[PDB]
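Novice: One file is attached below, data_23.cif, containing mmCIF, N, CA and C atoms and all ligand atoms.
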data_structure
loop_
_atom_site.label_atom_id
_atom_site.label_comp_id
_atom_site.auth_asym_id
_atom_site.auth_seq_id
_atom_site.Cartn_x
_atom_site.Cartn_y
_atom_site.Cartn_z
N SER A 1623 -3.93 197.30 244.28
CA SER A 1623 -3.82 198.68 243.70
C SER A 1623 -2.81 198.74 242.54
N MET A 1624 -1.65 198.08 242.69
CA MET A 1624 -0.76 197.78 241.55
C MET A 1624 -0.83 196.24 241.43
N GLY A 1625 -1.05 195.74 240.23
CA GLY A 1625 -1.00 194.27 240.01
C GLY A 1625 0.40 193.90 239.72
N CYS A 1626 0.64 192.64 239.44
CA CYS A 1626 2.00 192.20 239.21
C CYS A 1626 2.20 191.04 238.21
N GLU A 1627 3.26 191.23 237.47
CA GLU A 1627 3.59 190.31 236.38
C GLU A 1627 4.62 189.30 236.84
N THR A 1628 4.54 188.08 236.37
CA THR A 1628 5.62 187.14 236.53
C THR A 1628 5.76 186.26 235.31
N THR A 1629 6.92 185.64 235.17
CA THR A 1629 7.12 184.63 234.16
C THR A 1629 7.58 183.36 234.83
N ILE A 1630 6.88 182.28 234.56
CA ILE A 1630 7.26 181.02 235.12
C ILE A 1630 7.29 179.96 234.05
N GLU A 1631 8.09 178.92 234.25
CA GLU A 1631 8.16 177.81 233.31
C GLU A 1631 7.58 176.59 234.00
N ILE A 1632 6.56 175.99 233.40
CA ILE A 1632 5.93 174.80 233.92
C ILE A 1632 6.28 173.66 232.98
N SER A 1633 6.78 172.56 233.53
CA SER A 1633 6.92 171.32 232.78
C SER A 1633 5.62 170.53 232.86
N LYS A 1634 5.06 170.20 231.71
CA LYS A 1634 3.82 169.47 231.66
C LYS A 1634 3.88 168.10 232.32
N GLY A 1635 2.77 167.64 232.94
CA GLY A 1635 2.65 166.20 233.27
C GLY A 1635 1.72 165.46 232.34
N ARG A 1636 1.33 164.25 232.74
CA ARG A 1636 0.41 163.42 231.97
C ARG A 1636 -0.87 164.17 231.63
N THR A 1637 -1.37 164.97 232.57
CA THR A 1637 -2.58 165.77 232.37
C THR A 1637 -2.29 167.13 231.84
N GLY A 1638 -1.04 167.37 231.42
CA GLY A 1638 -0.70 168.64 230.78
C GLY A 1638 -0.27 169.66 231.81
N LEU A 1639 -0.80 170.88 231.63
CA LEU A 1639 -0.61 171.98 232.58
C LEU A 1639 -1.37 171.82 233.89
N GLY A 1640 -2.53 171.12 233.90
CA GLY A 1640 -3.28 171.01 235.11
C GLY A 1640 -4.08 172.28 235.41
N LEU A 1641 -4.63 172.85 234.39
CA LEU A 1641 -5.45 174.02 234.64
C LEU A 1641 -6.60 174.15 233.66
N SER A 1642 -7.60 174.95 234.05
CA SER A 1642 -8.60 175.30 233.09
C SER A 1642 -8.63 176.77 232.87
N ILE A 1643 -9.01 177.11 231.66
CA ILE A 1643 -9.01 178.45 231.16
C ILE A 1643 -10.38 178.95 230.82
N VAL A 1644 -10.67 180.21 231.13
CA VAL A 1644 -11.90 180.87 230.74
C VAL A 1644 -11.51 182.18 230.06
N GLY A 1645 -12.39 182.85 229.36
CA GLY A 1645 -12.21 184.20 228.87
C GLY A 1645 -11.73 184.27 227.47
N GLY A 1646 -11.18 185.42 227.11
CA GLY A 1646 -10.85 185.76 225.72
C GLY A 1646 -11.37 187.14 225.39
N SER A 1647 -10.78 187.72 224.35
CA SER A 1647 -11.17 189.07 223.91
C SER A 1647 -12.61 189.07 223.44
N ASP A 1648 -13.14 187.90 223.14
CA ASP A 1648 -14.53 187.67 222.70
C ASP A 1648 -15.50 187.44 223.85
N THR A 1649 -15.09 187.75 225.09
CA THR A 1649 -15.87 187.47 226.29
C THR A 1649 -15.95 188.68 227.23
N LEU A 1650 -16.82 188.58 228.24
CA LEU A 1650 -17.01 189.59 229.31
C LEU A 1650 -15.70 189.85 230.05
N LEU A 1651 -14.85 188.83 230.20
CA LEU A 1651 -13.51 189.02 230.77
C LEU A 1651 -12.50 189.78 229.98
N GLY A 1652 -12.54 189.68 228.65
CA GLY A 1652 -11.64 190.29 227.78
C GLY A 1652 -10.20 189.95 227.90
N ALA A 1653 -9.95 188.76 228.48
CA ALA A 1653 -8.63 188.28 228.78
C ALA A 1653 -8.68 186.78 229.03
N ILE A 1654 -7.55 186.10 228.84
CA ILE A 1654 -7.42 184.65 229.09
C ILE A 1654 -7.10 184.49 230.55
N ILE A 1655 -8.00 183.92 231.35
CA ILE A 1655 -7.83 183.81 232.77
C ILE A 1655 -7.79 182.34 233.19
N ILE A 1656 -6.99 182.04 234.19
CA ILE A 1656 -6.97 180.73 234.81
C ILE A 1656 -8.16 180.61 235.73
N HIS A 1657 -9.10 179.69 235.43
CA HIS A 1657 -10.27 179.47 236.28
C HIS A 1657 -9.93 178.56 237.46
N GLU A 1658 -9.13 177.52 237.23
CA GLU A 1658 -8.79 176.53 238.29
C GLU A 1658 -7.45 175.90 238.03
N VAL A 1659 -6.74 175.66 239.13
CA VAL A 1659 -5.51 174.89 239.18
C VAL A 1659 -5.82 173.55 239.87
N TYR A 1660 -5.70 172.48 239.12
CA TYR A 1660 -6.18 171.17 239.59
C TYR A 1660 -5.20 170.53 240.56
N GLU A 1661 -5.72 169.91 241.62
CA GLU A 1661 -4.86 169.26 242.60
C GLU A 1661 -4.13 168.13 241.91
N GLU A 1662 -2.84 168.01 242.22
CA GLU A 1662 -1.97 166.95 241.71
C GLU A 1662 -1.52 167.17 240.28
N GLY A 1663 -1.96 168.26 239.66
CA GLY A 1663 -1.45 168.61 238.32
C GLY A 1663 -0.14 169.39 238.40
N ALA A 1664 0.45 169.63 237.24
CA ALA A 1664 1.75 170.29 237.19
C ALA A 1664 1.75 171.70 237.73
N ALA A 1665 0.73 172.47 237.40
CA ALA A 1665 0.66 173.81 237.89
C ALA A 1665 0.47 173.88 239.43
N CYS A 1666 -0.30 172.94 239.98
CA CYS A 1666 -0.46 172.87 241.46
C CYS A 1666 0.86 172.58 242.16
N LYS A 1667 1.58 171.61 241.62
CA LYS A 1667 2.81 171.16 242.25
C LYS A 1667 3.87 172.26 242.19
N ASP A 1668 3.89 173.01 241.09
CA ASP A 1668 4.75 174.18 241.02
C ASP A 1668 4.42 175.20 242.10
N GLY A 1669 3.14 175.40 242.38
CA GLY A 1669 2.70 176.24 243.50
C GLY A 1669 2.46 177.72 243.23
N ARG A 1670 3.00 178.23 242.14
CA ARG A 1670 3.00 179.68 241.88
C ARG A 1670 1.74 180.20 241.17
N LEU A 1671 1.15 179.42 240.28
CA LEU A 1671 -0.03 179.88 239.53
C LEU A 1671 -1.28 179.87 240.39
N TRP A 1672 -2.10 180.91 240.28
CA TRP A 1672 -3.35 181.02 241.03
C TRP A 1672 -4.51 181.23 240.11
N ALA A 1673 -5.68 180.69 240.46
CA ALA A 1673 -6.89 181.09 239.76
C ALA A 1673 -6.98 182.59 239.73
N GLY A 1674 -7.42 183.13 238.59
CA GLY A 1674 -7.54 184.52 238.38
C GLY A 1674 -6.37 185.15 237.65
N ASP A 1675 -5.25 184.46 237.59
CA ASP A 1675 -4.10 184.99 236.84
C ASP A 1675 -4.46 185.01 235.39
N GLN A 1676 -3.97 186.00 234.71
CA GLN A 1676 -4.15 186.22 233.27
C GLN A 1676 -2.93 185.74 232.55
N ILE A 1677 -3.10 184.95 231.52
CA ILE A 1677 -1.99 184.55 230.66
C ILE A 1677 -1.75 185.62 229.59
N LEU A 1678 -0.68 186.38 229.73
CA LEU A 1678 -0.26 187.38 228.77
C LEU A 1678 0.45 186.84 227.55
N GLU A 1679 1.33 185.89 227.78
CA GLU A 1679 2.13 185.31 226.70
C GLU A 1679 2.47 183.90 227.04
N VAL A 1680 2.73 183.11 226.01
CA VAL A 1680 3.14 181.70 226.14
C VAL A 1680 4.31 181.48 225.17
N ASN A 1681 5.48 181.16 225.68
CA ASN A 1681 6.65 180.90 224.80
C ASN A 1681 6.80 181.93 223.65
N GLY A 1682 6.75 183.18 224.01
CA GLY A 1682 6.90 184.24 223.01
C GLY A 1682 5.70 184.55 222.13
N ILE A 1683 4.53 184.00 222.43
CA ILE A 1683 3.36 184.27 221.63
C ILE A 1683 2.42 185.09 222.50
N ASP A 1684 2.05 186.26 222.00
CA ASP A 1684 1.18 187.20 222.72
C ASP A 1684 -0.24 186.68 222.75
N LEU A 1685 -0.83 186.62 223.95
CA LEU A 1685 -2.22 186.24 224.13
C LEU A 1685 -3.04 187.37 224.75
N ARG A 1686 -2.49 188.57 224.84
CA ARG A 1686 -3.18 189.68 225.47
C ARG A 1686 -4.52 189.98 224.84
N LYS A 1687 -4.62 189.86 223.52
CA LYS A 1687 -5.87 190.15 222.84
C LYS A 1687 -6.46 188.95 222.14
N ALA A 1688 -6.03 187.75 222.53
CA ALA A 1688 -6.50 186.52 221.90
C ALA A 1688 -7.96 186.23 222.25
N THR A 1689 -8.68 185.64 221.28
CA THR A 1689 -9.97 185.04 221.54
C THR A 1689 -9.75 183.72 222.30
N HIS A 1690 -10.82 183.19 222.88
CA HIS A 1690 -10.68 181.94 223.63
C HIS A 1690 -10.08 180.84 222.73
N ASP A 1691 -10.65 180.68 221.55
CA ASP A 1691 -10.17 179.63 220.64
C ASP A 1691 -8.76 179.86 220.12
N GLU A 1692 -8.36 181.12 219.91
CA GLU A 1692 -6.98 181.38 219.52
C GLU A 1692 -6.05 180.92 220.64
N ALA A 1693 -6.39 181.21 221.90
CA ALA A 1693 -5.54 180.87 222.99
C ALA A 1693 -5.44 179.40 223.17
N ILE A 1694 -6.52 178.68 223.01
CA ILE A 1694 -6.49 177.23 223.18
C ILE A 1694 -5.62 176.61 222.13
N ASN A 1695 -5.70 177.12 220.91
CA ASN A 1695 -4.85 176.61 219.87
C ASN A 1695 -3.38 176.83 220.27
N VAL A 1696 -3.02 178.03 220.68
CA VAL A 1696 -1.67 178.31 221.14
C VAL A 1696 -1.25 177.37 222.25
N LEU A 1697 -2.11 177.22 223.25
CA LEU A 1697 -1.75 176.39 224.38
C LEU A 1697 -1.65 174.97 224.05
N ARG A 1698 -2.50 174.50 223.15
CA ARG A 1698 -2.42 173.14 222.70
C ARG A 1698 -1.10 172.81 222.04
N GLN A 1699 -0.55 173.77 221.32
CA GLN A 1699 0.62 173.62 220.48
C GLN A 1699 1.95 173.89 221.19
N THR A 1700 1.94 173.90 222.51
CA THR A 1700 3.13 174.23 223.28
C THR A 1700 3.99 173.00 223.44
N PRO A 1701 5.28 173.23 223.68
CA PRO A 1701 6.15 172.08 223.95
C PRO A 1701 6.04 171.59 225.38
N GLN A 1702 6.93 170.69 225.80
CA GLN A 1702 6.89 170.14 227.16
C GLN A 1702 7.08 171.17 228.25
N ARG A 1703 7.96 172.15 228.03
CA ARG A 1703 8.22 173.26 228.96
C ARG A 1703 7.58 174.54 228.46
N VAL A 1704 6.63 175.01 229.26
CA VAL A 1704 5.77 176.08 228.87
C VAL A 1704 6.21 177.29 229.68
N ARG A 1705 6.69 178.33 229.00
CA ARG A 1705 7.11 179.56 229.65
C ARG A 1705 5.90 180.55 229.60
N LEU A 1706 5.26 180.73 230.74
CA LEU A 1706 4.05 181.57 230.81
C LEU A 1706 4.42 182.91 231.40
N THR A 1707 3.94 183.97 230.78
CA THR A 1707 4.03 185.33 231.38
C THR A 1707 2.62 185.66 231.82
N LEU A 1708 2.46 185.99 233.10
CA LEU A 1708 1.15 186.13 233.78
C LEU A 1708 1.02 187.48 234.39
N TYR A 1709 -0.20 187.93 234.48
CA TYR A 1709 -0.57 189.14 235.22
C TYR A 1709 -1.50 188.77 236.32
N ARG A 1710 -1.16 189.11 237.56
CA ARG A 1710 -2.01 188.90 238.72
C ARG A 1710 -2.64 190.22 239.13
N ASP A 1711 -3.94 190.35 238.87
CA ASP A 1711 -4.70 191.50 239.34
C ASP A 1711 -4.93 191.35 240.85
N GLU A 1712 -5.08 192.45 241.57
CA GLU A 1712 -5.34 192.32 242.99
C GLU A 1712 -6.68 191.69 243.24
N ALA A 1713 -7.60 191.76 242.29
CA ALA A 1713 -8.91 191.16 242.54
C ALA A 1713 -8.87 189.69 242.82
N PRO A 1714 -9.70 189.21 243.80
CA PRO A 1714 -9.81 187.78 243.97
C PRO A 1714 -10.55 187.10 242.83
N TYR A 1715 -10.34 185.80 242.62
CA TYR A 1715 -11.09 185.01 241.71
C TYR A 1715 -11.72 183.88 242.46
N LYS A 1716 -13.04 184.02 242.60
CA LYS A 1716 -13.87 183.33 243.44
C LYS A 1716 -14.63 182.24 242.68
N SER A 1717 -14.75 181.08 243.23
CA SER A 1717 -15.50 180.00 242.68
C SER A 1717 -16.13 179.18 243.83
N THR A 1718 -17.45 178.97 243.84
CA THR A 1718 -18.18 178.31 244.89
C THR A 1718 -19.17 177.34 244.32
N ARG A 1719 -19.20 176.11 244.83
CA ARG A 1719 -20.21 175.15 244.48
C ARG A 1719 -21.36 175.28 245.42
N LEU A 1720 -22.56 175.37 244.90
CA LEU A 1720 -23.72 175.23 245.76
C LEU A 1720 -24.79 174.31 245.18
NA NA B 1 -4.86 187.25 227.96
#
Could you render the structure as structure tokens?
Specialist:
Amino acid sequence: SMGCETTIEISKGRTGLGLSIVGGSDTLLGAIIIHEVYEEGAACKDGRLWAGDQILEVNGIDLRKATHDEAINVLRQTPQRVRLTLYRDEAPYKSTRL
């Protein structure tokens, strides 16, 4: 009913952040969303990031209205320590293989 914001700093590993991203202002989501947190990646080991979280900002760069490609460029260009500001909607983010 009320969602919640957090800011966390993730130190990258060999595989980077360890996540995949979907969405963008150019999409049905209208936001940059974390689709998956990969096992054994940096974001998993940190424990705090969840699929479905929205990336609002990265190291002082606003991604609230970014297109998918704008966001990837931003994320690609980040340093070793990535300060992410996230919004967690109460909605679940569901993913099923069949
Ligand atoms: Na966003």
Novice: Neighbours of ligand NA 1 (chain B) within 7 Å, counting only C-alpha atoms and all ligand atoms, as an NGL selection string?
Specialist: :A and (1646 or 1653-1655 or 1676-1678 or 1685-1688)
Novice: Save out the residues we just selected, N, CA and C atoms, as a PDB file, in the frame of the given file.
Specialist:
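As written to disk, again-v5.pdb reads:
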ATOM      1  N   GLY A1646     -11.180 185.420 227.110  1.00  0.00           N
ATOM      2  CA  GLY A1646     -10.850 185.760 225.720  1.00  0.00           C
ATOM      3  C   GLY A1646     -11.370 187.140 225.390  1.00  0.00           C
ATOM      4  N   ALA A1653      -9.950 188.760 228.480  1.00  0.00           N
ATOM      5  CA  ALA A1653      -8.630 188.280 228.780  1.00  0.00           C
ATOM      6  C   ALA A1653      -8.680 186.780 229.030  1.00  0.00           C
ATOM      7  N   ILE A1654      -7.550 186.100 228.840  1.00  0.00           N
ATOM      8  CA  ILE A1654      -7.420 184.650 229.090  1.00  0.00           C
ATOM      9  C   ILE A1654      -7.100 184.490 230.550  1.00  0.00           C
ATOM     10  N   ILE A1655      -8.000 183.920 231.350  1.00  0.00           N
ATOM     11  CA  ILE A1655      -7.830 183.810 232.770  1.00  0.00           C
ATOM     12  C   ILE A1655      -7.790 182.340 233.190  1.00  0.00           C
ATOM     13  N   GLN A1676      -3.970 186.000 234.710  1.00  0.00           N
ATOM     14  CA  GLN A1676      -4.150 186.220 233.270  1.00  0.00           C
ATOM     15  C   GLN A1676      -2.930 185.740 232.550  1.00  0.00           C
ATOM     16  N   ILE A1677      -3.100 184.950 231.520  1.00  0.00           N
ATOM     17  CA  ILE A1677      -1.990 184.550 230.660  1.00  0.00           C
ATOM     18  C   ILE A1677      -1.750 185.620 229.590  1.00  0.00           C
ATOM     19  N   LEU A1678      -0.680 186.380 229.730  1.00  0.00           N
ATOM     20  CA  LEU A1678      -0.260 187.380 228.770  1.00  0.00           C
ATOM     21  C   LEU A1678       0.450 186.840 227.550  1.00  0.00           C
ATOM     22  N   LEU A1685      -0.830 186.620 223.950  1.00  0.00           N
ATOM     23  CA  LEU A1685      -2.220 186.240 224.130  1.00  0.00           C
ATOM     24  C   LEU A1685      -3.040 187.370 224.750  1.00  0.00           C
ATOM     25  N   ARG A1686      -2.490 188.570 224.840  1.00  0.00           N
ATOM     26  CA  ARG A1686      -3.180 189.680 225.470  1.00  0.00           C
ATOM     27  C   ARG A1686      -4.520 189.980 224.840  1.00  0.00           C
ATOM     28  N   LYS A1687      -4.620 189.860 223.520  1.00  0.00           N
ATOM     29  CA  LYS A1687      -5.870 190.150 222.840  1.00  0.00           C
ATOM     30  C   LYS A1687      -6.460 188.950 222.140  1.00  0.00           C
ATOM     31  N   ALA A1688      -6.030 187.750 222.530  1.00  0.00           N
ATOM     32  CA  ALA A1688      -6.500 186.520 221.900  1.00  0.00           C
ATOM     33  C   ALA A1688      -7.960 186.230 222.250  1.00  0.00           C
TER      34      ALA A1688
END
Novice: Near region 1692-1707 of chain A, counting only N, CA and C atoms, which residues have an atom at most 7 Å away, once you skip same-chain residues fewer than 5 positions from it, shown as a list in words?
Specialist: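 Non-adjacent residues within range: residues 1627, 1628, 1629, 1630, 1631, 1632, 1633, 1634, 1676, 1677, 1678, 1679, 1680, 1681, 1682 and 1685 of chain A.
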Novice: Could you tell me how far CA of residue 1691 (chain A) lies from atom N of residue 1669 (chain A), in Å and to one decimal?
Specialist: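 Straight-line distance from CA of residue 1691 (chain A) to atom N of residue 1669 (chain A) works out to 25.8 Å.
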Novice: Any idea what the distance is between CA of residue 1657 (chain A) and CA of residue 1641 (chain A)?
Specialist: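 The value is 7.5 Å.
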Novice: Where in chain A does DSSP assign strand (DSSP E or B), given as number ranges by chain?
Specialist: A: 1626-1633, 1635, 1638, 1641-1645, 1654-1659, 1676-1680, 1683-1684, 1703-1710
Novice: Between CA of residue 1658 (chain A) and CA of residue 1684 (chain A), what is the distance in Å, rounded to a tenth?
Specialist: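 Those two atoms sit 21.3 Å apart.
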Novice: Could you give me, as a PyMOL selection string, the residues within 7 Å of region 1711-1718 of chain A, counting only N, CA and C atoms and dropping anything in the same chain fewer than 6 positions from it?
Specialist: chain A and resi 1623-1626+1673-1676
Novice: Calculated over only N, CA and C atoms, which of the candidates A:1690, A:1664, A:1659, A:1683 has the smallest distance to residue 1647 (chain A)?
Specialist: A:1690
Novice: Running DSSP on the backbone, which parts of chain A land in alpha helix (DSSP H), as a PyMOL selection string?
Specialist: chain A and resi 1664-1668+1690-1698
Novice: Excluding residue 1660 (chain A) and residues on its chain fewer than 3 positions from it, collect all residues at most 7 Å away from it, counting only N, CA and C atoms, and give them as an mmCIF file with N, CA and C atoms, in the frame of the given file.
Specialist:
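Output file around25.cif follows:
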data_model
loop_
_atom_site.group_PDB
_atom_site.id
_atom_site.type_symbol
_atom_site.label_atom_id
_atom_site.label_comp_id
_atom_site.auth_asym_id
_atom_site.auth_seq_id
_atom_site.Cartn_x
_atom_site.Cartn_y
_atom_site.Cartn_z
ATOM 1 N N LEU A 1639 -0.800 170.880 231.630
ATOM 2 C CA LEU A 1639 -0.610 171.980 232.580
ATOM 3 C C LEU A 1639 -1.370 171.820 233.890
ATOM 4 N N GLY A 1640 -2.530 171.120 233.900
ATOM 5 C CA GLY A 1640 -3.280 171.010 235.110
ATOM 6 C C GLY A 1640 -4.080 172.280 235.410
ATOM 7 N N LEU A 1641 -4.630 172.850 234.390
ATOM 8 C CA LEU A 1641 -5.450 174.020 234.640
ATOM 9 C C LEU A 1641 -6.600 174.150 233.660
ATOM 10 N N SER A 1642 -7.600 174.950 234.050
ATOM 11 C CA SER A 1642 -8.600 175.300 233.090
ATOM 12 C C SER A 1642 -8.630 176.770 232.870
ATOM 13 N N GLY A 1663 -1.960 168.260 239.660
ATOM 14 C CA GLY A 1663 -1.450 168.610 238.320
ATOM 15 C C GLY A 1663 -0.140 169.390 238.400
ATOM 16 N N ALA A 1664 0.450 169.630 237.240
ATOM 17 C CA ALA A 1664 1.750 170.290 237.190
ATOM 18 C C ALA A 1664 1.750 171.700 237.730
ATOM 19 N N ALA A 1665 0.730 172.470 237.400
ATOM 20 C CA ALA A 1665 0.660 173.810 237.890
ATOM 21 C C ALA A 1665 0.470 173.880 239.430
ATOM 22 N N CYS A 1666 -0.300 172.940 239.980
ATOM 23 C CA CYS A 1666 -0.460 172.870 241.460
ATOM 24 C C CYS A 1666 0.860 172.580 242.160
ATOM 25 N N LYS A 1667 1.580 171.610 241.620
ATOM 26 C CA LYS A 1667 2.810 171.160 242.250
ATOM 27 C C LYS A 1667 3.870 172.260 242.190
#
Novice: Between A:1661, A:1671, A:1652, A:1635, which residue has the minimum interatomic distance to residue 1710 (chain A), considering only C-alpha atoms?
Specialist: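 Of all the options, A:1671 lies closest to residue 1710 (chain A).
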